[PDB]
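What follows is a single chain, given as structure tokens, in the form deposited in one PDB entry.
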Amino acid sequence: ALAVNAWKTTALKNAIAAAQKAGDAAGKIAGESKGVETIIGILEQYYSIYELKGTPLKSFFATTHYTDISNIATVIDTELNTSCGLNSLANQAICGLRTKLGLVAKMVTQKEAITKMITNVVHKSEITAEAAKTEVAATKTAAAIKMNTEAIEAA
């Protein structure tokens, strides 16, 4: 069976490349979800930031990308200033961020500490997203190539 093995040879090469692209597609989507999910989790537990611009973080990160450090940092810095000045009220939740950012003199502005904090947070959420992408891509690829090889070897 010369002609039979020749086409199965090409079929299997294509099945491999298809199962990898199927895995990447699924992992890419899994990564995006996991990244947004991770930054929200960090800001809420570690920094008790539960809203920005009057809205829950889930809504905020629909219009601001979770990796957009410069935008995220500016919004947090602006919100601290408008909510936590001497004319401000009510012990707003975001005001606690100042103590969490180690500003006391032991030389960093508030905006600089926030920028480093968010850079740190975004880096952790990107690599956590990358891990989820890696797992989901591998699980899908394994299941796809197994299914496809068994088909070609049985045809």
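From 1 onward, residues are counted along the sequence shown. Only the largest set of C-alpha atoms that superpose within 1.5 Å between the two forms is called the rigid core.
Absent from the display: the form deposited in another entry. The rest refers to it.
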Which residue of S88, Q45, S59, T119 is the mover here, meaning its C-alpha shifts by 2 Å or more between the shown form and the other one once both are aligned on the rigid core? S88
Can a Cα shift of no less than 2 Å be assigned to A18 between the shown form and the other one, given superposition on the rigid core? yes
On a rigid core superposition, would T9 pass a 2 Å threshold for CA movement between the shown form and the other one? yes
